[PDB]
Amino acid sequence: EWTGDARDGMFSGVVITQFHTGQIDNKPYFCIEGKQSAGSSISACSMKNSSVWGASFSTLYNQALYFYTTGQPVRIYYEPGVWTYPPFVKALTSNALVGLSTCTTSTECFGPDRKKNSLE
């Protein structure tokens, strides 16, 4: 796996506006909400020792809390459908947080593009 895999998805120039932290199944997690330009919302959660993105929990937590504090526009890298518990998915999101980057514009950010390739 890699944050920069050509897969869904990323949102660029996002301001992290909300922060939640809890626990489920003996595992700490946090979820962020951010807004793009345009006033639409992306959510993504990281869970400690989860499946495949669990090893980035500590780094992601510290980084996300940092960017929440600065109010800087950032790129959120996410993977859909990772969380499966239905009440959790309804309240929060199925998206795993898989990475973050600083941005130079609302659309140009540092790091790889996590995006599906196009078909010609």
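In case it trips you up, residue 1 is the first one in the sequence shown, and so on.
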{"query": "At least a third of other PDB entries omit residue 38", "finding": "yes"}
{"query": "Selected stretch [higher average CA B-factor]: 68-76 or 85-93", "finding": "85-93"}
{"query": "Mean temperature factor over C-alpha atoms, higher-scoring stretch between 95-103 and 5-13", "finding": "5-13"}
{"query": "Residue 46, C-alpha B-factor rank within chain (lowest, middle or highest third)", "finding": "middle"}
{"query": "Modelled-residue ranking by C-alpha temperature factor, third containing residue 56", "finding": "middle"}
